[PDB]
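Q: Protein chains in written order, with the authors' numbering: chain J, 2 to 61; chain C, 2 to 379; chain A, 269 to 446; chain D, 194 to 241; chain F, 6 to 110; chain G, 1 to 75; chain K, 1 to 53; chain K', 1 to 53. A prime marks a further copy of an entry chain. All C-beta atoms, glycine included, are put in the ideal place defined by N, C-alpha and C.
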Ligand code: HEC
Ligand code: HEC
Ligand SMILES: C/C=C(C)/C=C/C=C/[C@H](OC)[C@@H](C)[C@@H](OC)[C@@H](C)CCc1oc2c(O)c(OC)cc(OC)c2c(=O)c1C
Ligand SMILES: COC1=C(OC)C(=O)C(C/C=C(\C)CCC=C(C)C)=C(C)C1=O
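1) Nearest chain A C-beta to residue 17 (chain J) closer than 8 angstroms, yes or no?
2) Just the chain F side, please: which residues come within less than 7 angstroms of residue 12 (chain G) by C-beta, in chain order?
3) Is DSSP giving residue 318 (chain A) helix, strand or coil here?
4) Sort out for me which residues DSSP pairs residue 136 (chain C) with in a bridge.
5) Output the boundary residues of the alpha helix (DSSP H) element that contains residue 104 (chain C).
6) Measure the C-alpha to C-alpha separation of residue 309 (chain C) and residue 210 (chain C) and round it to an integer number of angstroms.
7) If we cut at 8 angstroms on Cβ distances, does residue 241 (chain D) have a partner in chain G?
8) Output the distance between the C-alpha atoms of residue 371 (chain C) and residue 22 (chain F), rounded to the nearest integer angstrom.
9) Taking 8 angstroms as the CB-CB limit, is residue 74 (chain C) close to chain A?
10) How many Å lie between residue 258 (chain C) and residue 140 (chain C) at the Cα?
11) Helix, strand or coil: which one does DSSP assign to residue 51 (chain K')?
12) Could you list which residues in chain K' have their beta carbon closer than 9 angstroms to that of residue 110 (chain F), in chain order?
13) Hey, quick one: how far does the alpha helix (DSSP H) through residue 224 (chain C) stretch, first residue to last?
14) Using three-state DSSP, classify residue 38 (chain F) as helix, strand or coil.
15) With DSSP as the reference, please indicate the residues paired to residue 14 (chain G) in a beta bridge.
16) What does the alpha-carbon distance come out to for the pair residue 326 (chain A) and residue 4 (chain G)?
17) Are the stretch 11-18 of chain J and the stretch 19-29 of chain K touching, with three or more C-beta to C-beta distances below 8 angstroms?
18) In this structure, how does DSSP classify residue 73 (chain F) when only helix, strand and coil are distinguished?
19) Quick check: is any heavy atom of ligand 4 less than 7 angstroms from the C-beta of residue 216 (chain C)?
20) Which of helix, strand or coil does DSSP assign to residue 345 (chain C)?
21) Please find out if some non-hydrogen atom of ligand 1 comes closer than 7 angstroms to the beta-carbon of residue 200 (chain C).
22) DSSP has residue 309 (chain A) in a bridge; who is on the other side?
23) Are the CB atoms of residue 309 (chain A) and residue 299 (chain A) nearer to each other than 8 angstroms?
24) Rounded to whole angstroms, what's the CA-CA distance from residue 110 (chain C) to residue 119 (chain C)? Just pull it up for me.
25) Taking 8 angstroms as the threshold (beta carbon to beta carbon), is residue 235 (chain D) in contact with chain G?
26) Could you tell me how far apart the beta carbons of residue 56 (chain F) and residue 12 (chain G) are, in whole angstroms, since I believe they sit closer than 8 angstroms?
27) For chain C, is any of its Cβ atoms less than 8 angstroms away from the one on residue 65 (chain F)?
28) At 8 angstroms on the CB atoms, spell out the chain C contacts of residue 333 (chain A), in chain order.
29) Quick one: what's residue 281 (chain A) bridged to in DSSP?
30) On the CB-based measure, 16 or more other CB atoms within 10 Å of its CB, does residue 35 (chain F) come out buried or exposed?
31) Under 6 angstroms Cβ to Cβ from residue 275 (chain A), same chain only, skipping five residues before and after it: list those, please.
32) Please identify the residue among C:5, C:28, C:18 and C:13 whose C-alpha is closest to the C-alpha of residue 207 (chain C).
33) Say whether chain A places a C-beta atom closer than 8 angstroms to the C-beta of residue 223 (chain D).
34) Give the range of the beta strand (DSSP E) segment to which residue 22 (chain C) is assigned.
35) Which complete alpha helix (DSSP H) runs does the stretch 146-207 of chain C hold, if anything under 4 residues is left out?
36) Where does residue 413 (chain A) fall in DSSP's three states?
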């Protein structure tokens, strides 16, 4: 009853509509956080290299 | 009284996908049936979105395919999903046939015989598809495979020129090959339904080859969820290929435009034709070589007549297990030879492997089944 | 409130007069479509636990339909119970309680049992007060608490090939629409 | 030859990371349902 | 009384163990392919042999799903393997072949 | 055309099952899982592996023999 | 003509299903907004910002 | 192995169906010859002559 999976179930999972709402709201914030991360990993593993890092050489 | 159970359309869905009694029992080797369906609709969907931009004229066909890969927003994933899905379609086909061979599933005569038609239809479809981008492999692929008909005595030449549109592969050949390649997957889809209709009559076989009515489970949720997992593995296997190695399973020679004056030095089939290719060229005779090719796939229809064993499955049959694996490894041998030039060691070992293919199915596996019967005092 | 809800679903057997017209949707559908021989709802009480549900007796080709309709009623009462049927259940319980406490023996049992379980005798006017409080909102609250998305205990005996798999009985304990 | 080169490798890393979430998750989903069968116990109780 | 018949029996026992239906607690006749002759022989079986057969097959299909096997102590010993279906099957084959002899005339 | 309630006849068999929410999806996943795969491997290696090594030997020899044949020496 | 479905029970039945039908609309609105990247609404959402500045 | 179908009754049954199977071949031969305009055979046929002289 202190436990967090319990309160997750009680507030959000018990009803299928709330379950669906928590998935769609969940999917919005996942798409941001994953694309933020996975781009930043890909960009860091290719340190210069891409036209995003070349950009500043040719002017405004 | 259930809406799921009595509605004339949902009836069909429920009796196939939900309430269908299935063995408690069936392993990962039973995942390939749904995977073939996934493959079928993947190829339909990508193939549709490729058809939206492809032109079937000789002057422009290569240009349209590369227009897809460079200019069309995400045309590259669609094109190589399609290309590697066709190879995925073949991996799943071969697994699915082999499962059927091992587990004695061919004793479902109609299901199996329709399956043999499905193999031949998907082979003919994928031949046509490879002709479409009008690379070098496209042209000579179209030349050789159409010319197989020229081995039919008296009328074979007339037939080849009938499907060509003239004396050579030409403008007429490519436009009809686009049309034939468009419709045939939908014909396949219809035959896949008849395949399923004959199957539901008996329900599934299982690893033991023993009747499983004593222990059926509902298709949902068990095989709905096992199928989802299996499809997610199919997506991994496909998306590994398109995103990390798009051209691993194809030919570089199909990136040079078609050229009727020069056949390339190295020419081999698409990997999934290599065994049958190896069989045909092991025979230094025109009529015999093509008769062996036809027989290399049409043999599957004789396998039910050659089942000697008092058991259905190979699970409790060690002699047959050994000879099954000799068949797989021999098939792996034939795809290796198919990949190599017609020179010294390769000619003989490919001839011996061809002989072994036909000897294993015709003679050696039926005899193994009799010996196994005699050993169990049966 | 659970007893009110159980009264709404009620009981049935094949010797009940007028089947089609019975108020309980389960009892009505079971009578018309020959879904069972009998069913009964129950609420067996022990110290700090119990068994709340139903039992039925049916032909081999009817278990699936019976289970479907039973579960739908539980689900319906959790989500969408209405004022009028709750009155009917309330009335059925006043009539059951009063008709039960009729004779020296059932009253003596009730004195004896109640002093073991409640430590008092709960007088008839108290039960009526407790019954009267129950409305549709209470039935929806109290049924949801015990029924909705809970794991049932299931017992099957006889020709039970068509007894639904447990996962599919578990799935009958919630509704995707709600 | 291949202007898509950098885009396909970006989607590839996303594919691998997504699959590293989804493959164990769908596995758990499938195992959770197959629980009822995989732990089931049989007894045979014939008469006399 | 033969060294050679003991040898054939020892190849047979070897094969029996290799076949490994006994590992799932199956008898030989549990593993037979159900054709029309066999389905009838099963139909002809008395109550006890019928009910034993279904449980053995149940137990095997259960194990085959878990991809597991019985403790070695509980494997069916080759010497203890009851040929319970065979006499019924011989009779069903014998009756069919009589019909087929009559269909010839 | 086959339905539950019409499949076959079974008598005298009790099945005990537990809810998915009562039990673990990965009960003793490595402790029992690894011993099993090894047991399954041992069971089948002699049936599956020897044709593929037989492929491997003919592969290794065939590639080697083809390589050596397109070299000369005394001519 | 639809007068079958007008009375105290159907009034209660509609009232019961109202929080659910409201939440299914709330599901579908966000799902449309998410699927299309609906620029009009997502500019408000304090962390979901693909457009700079 | 096909020995089920060998005996005096099946010998009589084959003999009965022989004029019919012969006539169904005669149907199919002419039908193939007609459909293709099989030049080899139709040159013999004394009035069916699309080729002059
Ligand atoms: C030459 C044999 C053959 C080919 C090729 C084949 N099938 Fe089958 N298929 C079978 C047999 C036999 C079964 C029954 C397997 C069993 O019950 O063990 C079957 C079963 C299946 C199943 C359901 C059970 C299972 O095994 O997963 C599906 C679905 C399926 N086939 C669809 C397809 C599709 C789609 C294709 C490709 C167009 C196809 N099959 C190609 C013979 C084959
Ligand atoms: C709606 C039409 C359509 C359908 C359906 C279709 N395709 Fe294609 N396919 C195309 C077109 C157009 C191309 C040419 C573009 C290209 O080469 O990728 C093509 C290309 C191909 C290629 C050559 C791949 C390459 O580029 O090297 C193969 C192989 C193939 N298809 C096989 C299949 C198979 C197998 C199926 C499913 C039975 C199928 N296709 C479904 C239209 C279709
Ligand atoms: C309108 C008429 C139609 C559609 C006729 C269709 C006939 C289809 C066949 O049967 C379905 C066929 C595809 C099937 O044969 C059984 C294959 C396995 C044949 C394998 C095959 O591939 C080759 C190939 O791919 C090549 O290019 C790279 C070139 C080739 O020579 C050098 C071959 C080749 O020599 C063979 C045998
Ligand atoms: C009794 O065995 C069966 C399975 O168990 C292994 C399946 O998994 C599937 C699922 C197959 C699918 C999704 C392909 C559908 C094909 C078309 C052309 C729409 C079917 C039908 C089946 O019958």
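A: To lay it out plainly:
1) If you number the first chain from 1, residue 17 (chain J) lands on position 16. Taking Cβ atoms only, chain A reaches closer than 8 angstroms to residue 17 (chain J), which makes this a yes.
2) Within the sixth chain, the letter at position 12 stands for residue 12 (chain G). Here the neighbours are 56.
3) Reading the third chain from its first residue, position 50 is the one you call residue 318 (chain A). Reduced to three states, the DSSP call for residue 318 (chain A) is strand.
4) Stepping through the second chain from its first residue, residue 136 (chain C) is reached at position 135. Partner(s): C:258.
5) Looking up residue 104 (chain C) in the second chain gives position 103. Residue 104 (chain C) -> alpha helix (DSSP H) spans 76-104.
6) On the second chain, position 308 is the one that residue 309 (chain C) refers to. On the second chain, position 209 is the one that residue 210 (chain C) refers to. Going by the C-alpha atoms only, they are around 15 angstroms apart.
7) As a working note, residue 241 (chain D) is residue 48 in the fourth chain. Not one chain G Cβ lies under 8 angstroms of residue 241 (chain D).
8) Counting from 1 along the second chain, the entry for residue 371 (chain C) is found at position 370. Counting from 1 along the fifth chain, the entry for residue 22 (chain F) is found at position 17. The alpha-carbon atoms of residue 371 (chain C) and residue 22 (chain F) are separated by roughly 18 angstroms.
9) As a position in the second chain, residue 74 (chain C) is number 73, starting the count at 1. It does not: the Cβ of residue 74 (chain C) has no partner Cβ on chain A nearer than 8 angstroms.
10) If you number the second chain from 1, residue 258 (chain C) lands on position 257. If you number the second chain from 1, residue 140 (chain C) lands on position 139. Rounded to the nearest angstrom, the two C-alpha atoms are 9 angstroms apart.
11) In the eighth chain, counting from the first residue as 1, residue 51 (chain K') sits at position 51. Reduced to three states, the DSSP call for residue 51 (chain K') is coil.
12) As a position in the fifth chain, residue 110 (chain F) is number 105, starting the count at 1. Within chain K', the residues near residue 110 (chain F) are 7, 8 and 9.
13) Within the second chain, numbered from 1, the residue matching residue 224 (chain C) stands at position 223. Unbroken alpha helix (DSSP H) run through residue 224 (chain C): 220-245.
14) Walking along the fifth chain from the start, residue 38 (chain F) turns up at place 33. In this structure, residue 38 (chain F) counts as coil in the three-state DSSP scheme.
15) Residue 14 (chain G) sits at position 14 when you count from the first residue of the sixth chain. According to DSSP, residue 14 (chain G) bridges with D:236.
16) Against the third chain, residue 326 (chain A) aligns to sequence position 58. Against the sixth chain, residue 4 (chain G) aligns to sequence position 4. Approximately 15 angstroms, taken between the alpha carbons.
17) yes
18) The residue labelled residue 73 (chain F) in the question sits at position 68 within the fifth chain. Three-state DSSP puts residue 73 (chain F) in coil, outside helix and strand.
19) Taking the first residue of the second chain as position 1, residue 216 (chain C) is located at position 215. No, Cβ of residue 216 (chain C) sits at least 7 angstroms from all heavy atoms of ligand 4.
20) As a first step, residue 345 (chain C) is located in the second chain; it is residue number 344 there, counting from the start. Note: residue 345 (chain C) maps to helix in three-state DSSP.
21) Residue mapping note: residue 200 (chain C) aligns to position 199 of the second chain, counting from 1. Because some heavy atom of ligand 1 lies under 7 angstroms away, the Cβ of residue 200 (chain C) counts as near it: yes.
22) As a first step, residue 309 (chain A) is located in the third chain; it is residue number 41 there, counting from the start. Paired residues: A:322.
23) Taking the third chain and counting its residues from 1, one reaches residue 309 (chain A) at position 41. Taking the third chain and counting its residues from 1, one reaches residue 299 (chain A) at position 31. Contact flag unset, no.
24) Along the second chain, read from residue 1 onward, the residue named residue 110 (chain C) stands at position 109. Along the second chain, read from residue 1 onward, the residue named residue 119 (chain C) stands at position 118. Residue 110 (chain C) and residue 119 (chain C): Cα-Cα distance of roughly 14 angstroms.
25) Mapped onto the fourth chain, residue 235 (chain D) falls at position 42. For residue 235 (chain D), the answer is yes, since a Cβ of chain G falls inside 8 angstroms of its Cβ.
26) Mapped onto the fifth chain, residue 56 (chain F) falls at position 51. Mapped onto the sixth chain, residue 12 (chain G) falls at position 12. The pair is a contact, with the Cβ atoms about 6 angstroms apart (cut-off 8 angstroms).
27) The count along the fifth chain starts at 1 and reaches residue 65 (chain F) at position 60. By this cut-off, residue 65 (chain F) is an interface position.
28) Start at 1 with the first residue of the third chain, and residue 333 (chain A) comes out as number 65. What residue 333 (chain A) touches in chain C: 2 and 3.
29) The count along the third chain starts at 1 and reaches residue 281 (chain A) at position 13. In DSSP, residue 281 (chain A) forms a bridge with A:306.
30) Stepping through the fifth chain from its first residue, residue 35 (chain F) is reached at position 30. Classification of residue 35 (chain F): buried, given that the 10 Å Cβ count is 16 or more.
31) In the third chain, residue 275 (chain A) corresponds to position 7, counting from 1. Contacts found: 357, 360 and 361.
32) Numbered from its first residue, the second chain carries residue 207 (chain C) at position 206. Checking every option, the nearest Cα to that of residue 207 (chain C) belongs to C:28.
33) Within the fourth chain, residue 223 (chain D) is the residue found at index 30, counting from 1. Chain A, which has no Cβ nearer than 8 angstroms to the Cβ of residue 223 (chain D), makes this no.
34) Sequence index remark: in the second chain, residue 22 (chain C) carries index 21 (1-based). It spans 22-24 - the beta strand (DSSP E) in which residue 22 (chain C) sits, taken as one unbroken run.
35) 157-165 and 172-201
36) Numbered from 1 along the third chain, position 145 holds the residue referred to as residue 413 (chain A). It is helical.
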